[PDB]
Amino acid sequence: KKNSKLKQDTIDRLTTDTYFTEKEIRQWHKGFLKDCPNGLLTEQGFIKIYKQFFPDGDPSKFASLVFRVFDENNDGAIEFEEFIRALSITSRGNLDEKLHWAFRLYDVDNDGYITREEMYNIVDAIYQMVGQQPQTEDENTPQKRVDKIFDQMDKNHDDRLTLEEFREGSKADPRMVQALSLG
């Protein structure tokens, strides 16, 4: 099939754009096909992998958010090239590259801004995956602590974060990106 074989044109673009050598890309493709013989990873297949790694909670909500960022062309599947591009940024990117990737995750509706509700949505997704925790203080909930972090980053108090607000906000308070292991 087209999707199953690794074409030289794909390798050329990947070595131009990513931190991986041709040798590493070919190695990763062998592994990609062992887990995904079709060369196309579906959303549910993506969720299944996240369940292999967090068997206690429910990673479905978080995995679906991450999937949308991986699937950069929005065709409903992660092809090998999209897999490598995301892995390059998240495992080998510099701080600015990782913070932009985090911004794309938090900006669920892709409108150029993070809202409070979008920030809640990611945070809730993480707790579902990792283990929800009870709060007996209505003034010390995740939603409220997130509000404080958000307010500190929202320099012009318009109730939304630009990429610049989020990136310079995260370099003084990296907690929203360390929650994704991208600090």
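Superpose the two forms; the largest set of C-alphas matching within 1.5 Å is the rigid core. From 1 onward, residues are counted along the sequence shown.
Undergrad: Do the Cα atoms of 22-30 or those of 50-58 sit farther, on average, from the shown form in 5 other deposited structures of this protein after fitting on the core?
TA: Once the cores are fitted, 50-58 deviates more in 5 other deposited structures of this protein.
Undergrad: Looking at C-alpha RMS in 5 other deposited structures of this protein with the core superposed, is it 143-151 or 65-73 that drifts more?
TA: Once the cores are fitted, 143-151 deviates more in 5 other deposited structures of this protein.
Undergrad: Where the other entries model residues on both sides, is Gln133 skipped in at least a third?
TA: Result for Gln133: often missing, at least a third of the compared entries.
Undergrad: Averaging C-alpha B-factors over each stretch, which comes out higher, 100-108 or 69-77?
TA: Stretch with the greater average CA B-factor: 69-77.
Undergrad: Mind pulling up the entry and telling me whether 12-20 or 162-170 has the higher mean Cα temperature factor?
TA: Here the higher of the two C-alpha B-factor means belongs to 162-170.
Undergrad: By the CA temperature factor listed in this entry, which of these ranks top: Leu40, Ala63, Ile122, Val130?
TA: Max CA B-factor in the entry, restricted to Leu40, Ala63, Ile122, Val130: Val130.
Undergrad: Looking at the entry's B-factor column for C-alpha atoms only, identify whether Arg26 ranks in the lowest, middle or highest third of its chain.
TA: CA B-factor rank for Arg26: lowest third.
Undergrad: Within this chain, which third does the Cα B-factor at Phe53 fall in: lowest, middle or highest?
TA: For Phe53, whose C-alpha B-factor we compare with every modelled residue in the chain, the answer is the highest third.
Undergrad: Could you look up the Cα B-factor of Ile149 in the entry and say which third of the chain it sits in: lowest, middle or highest?
TA: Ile149: CA B-factor falls in the middle third of its chain.
Undergrad: So where's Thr115 on the chain's Cα temperature factor ranking, which third?
TA: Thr115: CA B-factor falls in the middle third of its chain.
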